[PDB]
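Engineer: Going by the deposited numbering, the first residue of the sequence shown is number 3, and it counts up by one from there.
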Amino acid sequence: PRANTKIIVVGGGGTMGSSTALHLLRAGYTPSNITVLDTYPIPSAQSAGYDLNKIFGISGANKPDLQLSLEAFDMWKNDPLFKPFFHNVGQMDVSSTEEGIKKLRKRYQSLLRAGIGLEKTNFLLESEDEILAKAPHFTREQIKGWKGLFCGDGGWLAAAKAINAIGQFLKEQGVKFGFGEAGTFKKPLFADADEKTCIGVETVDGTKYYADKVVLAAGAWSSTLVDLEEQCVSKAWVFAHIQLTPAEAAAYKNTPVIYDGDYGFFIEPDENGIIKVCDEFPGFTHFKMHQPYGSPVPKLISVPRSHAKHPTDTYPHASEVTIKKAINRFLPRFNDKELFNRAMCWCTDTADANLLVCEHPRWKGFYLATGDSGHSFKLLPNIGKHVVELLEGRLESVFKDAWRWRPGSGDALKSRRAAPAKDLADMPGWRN
Ligand SMILES: *Cc1cc2c(cc1C)nc1c(=O)[nH]c(=O)nc-1n2C[C@H](O)[C@H](O)[C@H](O)COP(=O)(O)OP(=O)(O)OC[C@H]1O[C@@H](n2cnc3c(N)ncnc32)[C@H](O)[C@@H]1O
Ligand SMILES: O=C(O)CSC[C@@]1(O)OC[C@@H](O)[C@@H](O)[C@@H]1O
Numbered sequence: 003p004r005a006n007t008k009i010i011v012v013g014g015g016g017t018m019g020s021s022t023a024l025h026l027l028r029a030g031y032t033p034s035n036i037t038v039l040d041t042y043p044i045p046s047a048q049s050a051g052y053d054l055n056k057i058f059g060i061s062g063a064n065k066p067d068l069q070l071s072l073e074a075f076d077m078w079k080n081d082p083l084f085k086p087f088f089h090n091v092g093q094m095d096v097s098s099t100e101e102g103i104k105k106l107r108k109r110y111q112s113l114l115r116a117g118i119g120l121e122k123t124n125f126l127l128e129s130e131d132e133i134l135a136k137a138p139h140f141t142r143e144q145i146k147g148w149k150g151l152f153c154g155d156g157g158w159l160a161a162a163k164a165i166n167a168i169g170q171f172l173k174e175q176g177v178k179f180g181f182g183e184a185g186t187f188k189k190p191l192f193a194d195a196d197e198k199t200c201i202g203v204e205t206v207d208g209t210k211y212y213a214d215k216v217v218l219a220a221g222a223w224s225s226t227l228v229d230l231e232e233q234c235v236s237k238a239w240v241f242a243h244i245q246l247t248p249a250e251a252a253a254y255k256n257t258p259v260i261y262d263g264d265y266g267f268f269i270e271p272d273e274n275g276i277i278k279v280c281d282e283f284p285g286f287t288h289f290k291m292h293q294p295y296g297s298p299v300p301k302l303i304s305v306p307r308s309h310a311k312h313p314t315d316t317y318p319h320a321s322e323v324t325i326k327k328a329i330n331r332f333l334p335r336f337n338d339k340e341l342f343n344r345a346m347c348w349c350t351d352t353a354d355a356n357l358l359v360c361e362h363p364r365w366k367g368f369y370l371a372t373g374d375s376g377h378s379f380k381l382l383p384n385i386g387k388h389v390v391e392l393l394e395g396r397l398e399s400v401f402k403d404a405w406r407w408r409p410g411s412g413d414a415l416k417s418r419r420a421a422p423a424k425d426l427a428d429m430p431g432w433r434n
């Protein structure tokens with residue numbers, strides 16, 4: 003029974019982590035039986051969720067991605083905890099290349115074959131007038147040849163503030179916490195020498211925590227903490243900020259999120275006039291020799307270079323070009339705006355960009371909740387709901403089979419992106 007079951011959430015200061023803790027409380031677990039451990043206090047300074055904003059949009063990449071995105075959309079609008087941080091201003095995919103414009107038309111078409119009425123909220127913008135109508139800040143000369151796929155369920159998310167909302171709720175309820183060395187996972191604990199029964203974890207300062215179940219929601223660090231047998235390859239993405247005056251930023255107030263697969267995106271300025279800009283690229287790895295728990299020998303493993311641990315870090319020289327390229331493409335009027343708060347942000351890719359949410363195959367009681375594949379912040383309100391379903395063996399098979407333990411199911415280095423990710427060692431500029 004839930005009221006006497008103890009759960010440990012490793013990486014609980016992050017996205018999937020905090021979500022799991024939230025839905026444990028909502029399910030009826032006793033708050034004092036739930037322990038959140040993270041290297042950083044919630045909201046974790048190093049979770050990929052620690053950002054001014056993230057994009058919300060509907061992805062049809064998989065069978066349950068569609069179901070999950072709509073589920074998340076519902077909560078972002080109607081859940082009292084989350085709905086303050088959803089800005090439902092819409093999201094527009096654009097392209098002016100032949101190859102790219104056809105990608106849009108195929109995406110629109112598969113949304114219709116979902117047969118769940120997505121045509122009511124997704125539209126192909128076939129002319130420049132239709133684009134300028136949704137995003138008046140563009141000039142017509144800037145967008146000639148552009149077509150757009152507009153999603154009315156889209157918009158952006160106050161990412162850090164949202165996780166923080168969960169965290170403060172967890173604390174009011176009485177969830178237990180472990181931060182710093184007292185919260186940094188090192189290894190699982192077992193009752194038996196055969197390590198078939200996990201009964202807790204031990205952190206790096208030596209602290210041992212005991213629970214009935216352990217959830218590993220450590221994002222890009224999961225593949226480094228325990229042997230995931232190359233299922234998850236951690237990669238970095240980049241962003242930068244520019245500052246606008248109240249006059250300049252007024253033209254972008256409540257404007258839709260604009261994305262082009264060949265350039266990146268930007269999100270409307272926040273209350274301080276700050277615009278976040280991203281490029282799009284297959285990501286950056288950081289391979290090192292490491293020996294995650296359960297691996298018999300040290301392997302080559304992409305290990306996150308945490309901006310939180312190294313604040314003087316920025317990103318490779320190459321990324322500076324593509325980010326500015328994106329700025330020129332979308333916001334040419336701000337090309338002389340100096341960039342600041344450059345930083346790398348880490349995700350972990352699976353081969354098929356599906357999550358890795360399953361019980362460990364040998365360590366009974368140890369559960370994996372990661373494989374976010376760099377598309378999963380939008381799932382903050384509802385992913386924890388399905389992790390709990392897994393813990394209780396009530397997980398709908400569509401999710402269960404898609405999220406199953408699956409080593410040898412593809413090359414996660416390339417995943418579903420344009421190319422295998424390049425490594426930080428071959429991309430100078432980020433260390434200072
Ligand atoms: C990097 C990035 C990601 C991203 C994005 C843009 C960038 C630049 N834009 C997104 C977007 O527009 N829309 C979207 O839906 N997602 C976007 N993302 C990715 C999204 O953030 C991630 O997919 C999502 O955050 C999933 O993360 P989850 O797996 O929870 O991972 P996390 O938030 O980083 O959490 C990791 C927590 O791990 C804790 N940790 C790490 N190591 C330990 C150890 N050793 N022990 C205990 N805890 C550990 C960290 O505290 C961290 O909080
Ligand atoms: O999937 C989305 O809703 C937008 S995520 C945008 C992005 O920058 O986020 C970081 C990585 O996921 C990249 O793959 C990706 O291009």
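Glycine is no exception: its CB is placed at the ideal position from the N, C-alpha and C atoms.
With DSSP run on the structure shown, which of helix, strand or coil describes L54?
Structural biologist: coil
Engineer: Under 6 Å from any heavy atom of ligand 1, does the C-beta of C200 make it?
Structural biologist: In this structure, ligand 1 has no non-hydrogen atom nearer than 6 Å to the beta-carbon of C200.
Engineer: To test your reading of the DSSP string, which unbroken alpha helix (DSSP H) runs of 4 or more residues are found completely within the region 272-318?
Structural biologist: none
Engineer: For ligand 1, any of its heavy atoms closer than 6 Å to the Cβ of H377?
Structural biologist: Within 6 Å of the C-beta of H377 there is at least one heavy atom belonging to ligand 1.
Engineer: For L70 and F401, what's the separation of their Cα atoms in angstroms?
Structural biologist: 9 Å
Engineer: Would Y261 pass as a contact of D67 if the rule is Cβ separation under 7 Å?
Structural biologist: Cβ distance not < 7 Å, so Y261 and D67 don't count as in contact.
Engineer: In whole angstroms, give me the CA-to-CA distance for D194 and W365.
Structural biologist: When rounded, the distance between both Cα atoms is 10 Å.
Engineer: DSSP three-state call for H89: helix, strand or coil?
Structural biologist: strand
Engineer: Could you check which residue in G263, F289, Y295, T314 has the C-alpha nearest to that of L302?
Structural biologist: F289
Engineer: Restricting to runs no shorter than 3 residues, where is the beta strand (DSSP E) found entirely within the region 344-407?
Structural biologist: 358-361, 368-372
Engineer: Please determine if the region 144-156 and the region 97-105 are in contact, where contact requires at least 3 C-beta pairs separated by less than 8 Å.
Structural biologist: When C-beta atoms of the region 144-156 are compared with those of the region 97-105, three or more pairs fall below 8 Å, so the two segments count as touching.
Engineer: When burial is assigned at 16 or more other CB atoms within 10 Å of the CB, is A135 buried or exposed?
Structural biologist: Label assigned to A135: exposed.
Engineer: When the Cα atoms are used, what is the spatial distance from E232 to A355?
Structural biologist: 14 Å
Engineer: Taking the C-alpha atoms as reference points, what is the distance between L357 and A249?
Structural biologist: Rounded to whole angstroms, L357 to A249 spans 42 Å at the Cα level.
Engineer: Any heavy atom of ligand 1 inside 6 Å of the beta-carbon of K56?
Structural biologist: yes
Engineer: Would the beta-carbon of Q48 be found less than 6 Å away from any heavy atom of ligand 1?
Structural biologist: yes
Engineer: Hey, is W148 close to ligand 2, as in C-beta under 6 Å from one of its heavy atoms?
Structural biologist: Answer for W148: no, Cβ out of range of ligand 2.
Engineer: Identify whether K105 lies in helix, strand or coil by the three-state DSSP scheme.
Structural biologist: helix
Engineer: Going by DSSP, name the residue or residues bridged to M94.
Structural biologist: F152, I260
Engineer: Can you name the start and end residues of the alpha helix (DSSP H) that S236 belongs to?
Structural biologist: Taken as a continuous stretch (DSSP letters only), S236 belongs to no alpha helix (DSSP H), being part of the beta strand (DSSP E) at 235-245.
Engineer: May I have the straight-line CA-CA distance separating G59 from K380, to the nearest angstrom?
Structural biologist: 8 Å
Engineer: Going straight from the alpha carbon of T205 to that of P284, what length do you get?
Structural biologist: Straight-line Cα distance between these residues: approximately 33 Å.
Engineer: Can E128 be considered in contact with ligand 2, in the sense that its beta carbon sits closer than 6 Å to one or more heavy atoms?
Structural biologist: no
Engineer: So is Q93 buried or exposed if we call it buried at 16+ other beta carbons inside 10 Å?
Structural biologist: buried
Engineer: Nearest to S321 by alpha carbon, out of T37, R307, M346, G208?
Structural biologist: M346
Engineer: Here's the rule: buried if 16 or more other CB atoms are within 10 angstroms of the residue's CB, otherwise exposed. What is residue 2?
Structural biologist: What is shown of the chain runs 3 to 434, which leaves residue 2 out entirely.
Engineer: Exposed or buried, which one is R307 when buried takes at least 16 other CB atoms within 10 Å?
Structural biologist: So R307 ends up on the buried side.
Engineer: In angstroms, rounded to a whole number, what distance separates the CA positions of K215 and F368?
Structural biologist: 6 Å
Engineer: Please classify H362 as buried or exposed, where buried requires at least 16 other C-beta atoms within 10 Å of its C-beta.
Structural biologist: By the neighbour-count criterion, in which a residue is buried when 16 or more other Cβ atoms sit within 10 angstroms of its Cβ, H362 is buried.
Engineer: Touching or not, the region 77-89 and the region 405-417, by the rule of three or more beta carbon pairs under 8 Å?
Structural biologist: no
Engineer: Over what stretch of residues does the alpha helix (DSSP H) that includes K65 continue unbroken?
Structural biologist: Taken as a continuous stretch (DSSP letters only), the alpha helix (DSSP H) holding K65 covers 65-80.
Engineer: Go ahead and label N384 buried or exposed: buried means 16 or more other beta carbons lie within 10 angstroms of its beta carbon, across all protein chains shown.
Structural biologist: buried
Engineer: In chain order, which continuous runs of the alpha helix (DSSP H) of length 4 or greater are located wholly inside the region 4-32?
Structural biologist: 17-29
Engineer: Measure the CB-CB distance between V217 and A404 and report whether it falls below 7 Å.
Structural biologist: Taking 7 Å as the Cβ cut-off, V217 and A404 do not qualify as a contacting pair.
Engineer: How would you label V305, buried or exposed, when you count the other beta carbons within 10 angstroms and need 16 or more for buried?
Structural biologist: buried
Engineer: Hey, how far is the Cα of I57 from the Cα of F88?
Structural biologist: 10 Å
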